[PDB]
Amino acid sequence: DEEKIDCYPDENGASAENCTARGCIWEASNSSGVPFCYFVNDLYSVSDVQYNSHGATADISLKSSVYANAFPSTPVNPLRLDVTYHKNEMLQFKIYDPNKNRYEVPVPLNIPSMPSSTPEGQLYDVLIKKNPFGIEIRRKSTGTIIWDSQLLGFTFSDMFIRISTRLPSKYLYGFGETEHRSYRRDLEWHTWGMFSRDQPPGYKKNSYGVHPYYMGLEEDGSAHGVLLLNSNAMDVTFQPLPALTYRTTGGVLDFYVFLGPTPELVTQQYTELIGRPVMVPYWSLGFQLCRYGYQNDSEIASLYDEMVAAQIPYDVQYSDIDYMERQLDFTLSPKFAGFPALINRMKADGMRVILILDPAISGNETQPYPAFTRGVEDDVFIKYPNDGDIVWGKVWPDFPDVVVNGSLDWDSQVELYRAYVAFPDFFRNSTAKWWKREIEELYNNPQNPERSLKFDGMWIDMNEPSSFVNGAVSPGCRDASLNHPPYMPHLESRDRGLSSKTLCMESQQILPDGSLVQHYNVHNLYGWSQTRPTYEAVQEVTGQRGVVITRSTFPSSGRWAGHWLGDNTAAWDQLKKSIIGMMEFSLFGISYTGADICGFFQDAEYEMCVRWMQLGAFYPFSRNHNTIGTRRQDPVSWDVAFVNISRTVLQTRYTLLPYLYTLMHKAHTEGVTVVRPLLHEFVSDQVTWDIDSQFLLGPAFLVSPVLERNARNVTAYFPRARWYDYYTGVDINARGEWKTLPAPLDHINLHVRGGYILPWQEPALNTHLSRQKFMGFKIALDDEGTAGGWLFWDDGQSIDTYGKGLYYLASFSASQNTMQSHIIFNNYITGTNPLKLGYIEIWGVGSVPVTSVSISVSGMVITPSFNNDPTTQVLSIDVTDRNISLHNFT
């Protein structure tokens, strides 16, 4: 019943007789999911197979054209398979066309210059199985088979490719941006679409990004990861006999397999190939505020001031497209002059500002509009292939004299009000200058230096590329590259073809090398094409590190950017998904992520929004965004109760900051994860394979959120190790157990893994005041392990600090009643430049109040006073009184 490989997933035409023309069997069924039409024999035969020390290779040819010709496109013949043993932990294998040069995905990966695999160390081995054609990758260590494509259905045709594989287990994690319902994916007959779309998340709907990467857990504890380097419109299909099916619409099949034994290792090797996450500036770790629809220039200041009054800390203030004159890039609304004033004033208090930018530039504008004009001069816009004119879409920008009525049909609006817009092709070295220059003159306004916006980071959005008209503007498109590309993957609005809510598939783009590519093959690649130049724009213009948040991602997209999870609704399910979403992106190689705290779409509810500020106070990207019409939902728009609560939780977060910042450091330099699923640190505990309602930050910090409405208590799993309650210092005392901890409406349970020590800093109203205050420690010993830890300090905003000199890195170990400090490299914390060391809590010291030694060193020893309660293992040790700094301590 499984083992049935759906022969007819085509949008139209599935039928008993149409199913026989393809060499298949049509047997109707009463079981949900199972394909009436399925395969009974192959159409390609692997022919010649050769092994060597550094790989394998084989030929694939047709038998017979009679049936292959009945499938979507024109089969290619023959094919060729090249399996390369790169490292001992990583493989690639690719099936391409040896004859004609097919579209291959133009993202740079790193790869040992020469296959560096050794027989003693090679961790896998591969066969090319002969009948039916199949590839079998295997972990040498145990027996387990990682990949097994010796299932039927393999198809190759210019614009339709299908390969399949057997999963070694019932545990599969992560795929290209969509709203999955749980972390571990279903397998019980499910198809998911993958294609850059402007889709608010929804079950089974292709959304902003595309990520054909998954992690698979094995029968024992072992983990592996697989990547399909394909940027064409595809879907994947999960089946109950553990097995999935790729159906791309046409590149080559470039696969990379990683098999570090552990989840964290899998991810280190994955990101090693595509690239490790960006390093964020310290200030980006702060809380953030924004909304679609700030009216008055000063409705913002009114907000910023109402916040600092309630002493609810927050580092970043935004503006949506309202700051723009009629939603035009690089224009300032009259309703918003002396916005520049606001910026400069807030950045002066120690705040930071991020600004949104869409990609679509308006060309129906009558006054002078540099952006669009110099855009046409430098020729940076996307246009049809036969020297045709620009491909005109529609998005936010309005026509110049038209009078807008919010009340109107949303279609009505798109026709009467919305200006024609051009889409810059971000591959071109030419579109780089233009873009960097527009960004440039936003920061340093050449004409009106009094209307310069001094942003700190850029938020590119609406870049899938999203257009409000399916295809292009007036008559439309004219093609078959566009609608019914022979196989129309299982996307949203399937009946609308790929044109839907975006550009014409035939639209020409030009790679950086100079060759010509059609939008068909690079659409999933668009927002990615735009990410690095934006990251560089903010870099050059601000002289600083900066940060970029982008909507559309592709693998390696996170090497320059972070990502938020898009247009969620203010609904209770949406809390749990933000956890899922974050974790999946940790996998995808994007560590700076989060959701729209309290919910973008629709009106916030008081309780839900309390809960969400609590959970979200622990997103690496903690922002409270909201759509246009809805009532405001920021922390100071509720009541004293709320304000008071938001203070407590945001304080807690501003404490974790030095730890969170080093996790960001480790993630950038080691590849390791940030928001880290429980199963990643406790793999042998199969209870964690399935828990997706709580997460770690790095290894030591366990966040156990309340995600239900009326509930004021939470059952949460606690793995085999020590879990000290972050607030009080007491070990909960569950080991591999489900507790039901108490959770008031003003509380969210945090716990610290015994064996780890967390640097922590005193909370300020913003990172600027915060970094000056007292640096603490929190040594969580374990009966289970004693204690380890790291801190990384930095000017928190310079470019490539680590990679060139000016940084500080120290490991910390507590063995027997005494904790030491090994400074690995120092270059930022000098005598003249001090890091105040305040307190030094320590939990789990024993019920015996007797120290064998009770006092600290610096080079010179001293015996300060301390509070020890034997009941609750705590051992507090205030030190504000000394002249103790981080560079002279021991």
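For every residue, the number given is its place in the sequence shown, counted from 1.
**OP:** Decide which of the stretches 245 to 253 and 328 to 336 has the higher mean C-alpha B-factor, going by the entry.
**Re:** Mean B over CA atoms: larger for 328 to 336.
Original post:
On average, which has the higher Cα B-factor in the deposited entry, 398 to 406 or 85 to 93?
Top reply: The entry gives the higher C-alpha B-factor average to 398 to 406.
Original post:
At the C-alpha atoms, which of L265, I590, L525, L482 reaches the highest B-factor in this entry?
Top reply: Checking the PDB record, the top C-alpha B-factor among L265, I590, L525, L482 is at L482.
**OP:** Just grab whichever of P106, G350, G176, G698 has the top CA B-factor as deposited.
**Re:** Of the candidates given, the C-alpha B-factor peaks at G350.
Original post:
Mind checking which third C7 falls in for C-alpha B-factor across the chain?
Top reply: CA B-factor rank for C7: middle third.
Subject >> CA B-factor ranking of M488, expressed as a third of its chain >> reply: It falls in the middle third of the chain.
Original post:
When the modelled residues of the chain are sorted by Cα temperature factor, does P78 land in the lowest, middle or highest third?
Top reply: Middle third.
Subject >> Third assignment of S852 from its chain's C-alpha B-factors >> reply: Its C-alpha B-factor belongs to the highest third of this chain's values.
Original post:
Going by what the PDB entry lists, where does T801 fall on CA B-factor within its chain: lowest, middle or highest third?
Top reply: For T801, whose C-alpha B-factor we compare with every modelled residue in the chain, the answer is the highest third.
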